[PDB]
């Protein structure tokens, strides 16, 4: 029996490997010690036995609702990631592994490596309408890379799409890969139509450091990038600092910040209704966008989500709000579940990279729906 986590995005501590029926494990907290929930490790043992893996400190994780009805994600081949029988009792998350192969990787969601990220931002370069741009360095010295899709025609609209501010929400980068694959297909009319009218500025990974470090919610020094938008710094939140400045060069006509929510088994938008600069026009663009997104995706819904902000009561340090209020534009945070969409449940895989990719495609349709309405 073996457990391991020394690789890109790994996160587990081994407490005890003595008992096959009680393998004891712990999640390692994000830097700064204030958050955790993401785990990602590899387990090797004799096949044909059923093992119980106990994450002892699940009860100390940042979002305990996220453990309720949750099933761990696992893969034998690192290609197909499926769900495992999981339960949460006495502060511990118990995972049953009926090992069909010697080696299995188990994680909070399907991982997305820095090697994969590098392949994605390198490959999109070949497209004639694509140019990548080095925004700057992360605190560990990794690259903040901007994918610009379009012909930089100043008359076109500006669409900003940021994903993975919270590194453990890997479904965010997965969606951005799906969306890029569809946008970069000229045979797709939505893509052609969009690119005829807009330039895209896309950041597939807002937080490479937290990503490689196996953090749930913070960068290298423990900053929550989604509170850094109003007063970002090079010292603490360079990741947001460069994005914010670029936005000032480009303008923003539509903003889509892609996230993952631990506790709620639904896909939902959370808008910026509480910003001081909210308006009837913005209200109206939101209704149109939500209308379009519901038609575009059967995974989308509007019953469950976060509470709305009272008027003027928005937290202007949050990307969605800060962008909306600063650039007076349609702006949303998208949340996809770590669990599954309870409305269209899939017990074999729950929410998955495949469904995140489909939501990336549905997203471009919602955008096209409002393309002629956004901007000036």
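Numbering follows the first chain given and starts at 1.
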Segment of higher mean CA temperature factor, 306 to 314 or 55 to 63:
306 to 314
Stretch exceeding the other in mean C-alpha B-factor - 116 to 124, 146 to 154:
146 to 154
Top residue by Cα temperature factor, when 223, 101, 202, 247 are compared in the entry:
101
What third of its chain, lowest, middle or highest, does the C-alpha temperature factor of residue 276 fall into?
highest
What third of the chain, by the recorded C-alpha B-factor, contains residue 196?
highest
Entry-reported Cα temperature factor of residue 139, expressed as the chain third it lands in
lowest
Chain-wide C-alpha B factor ranking for residue 258, given as lowest, middle or highest third:
middle
Using the temperature factors of the C-alpha atoms in this entry, rank residue 50 within its chain: lowest, middle or highest third.
highest
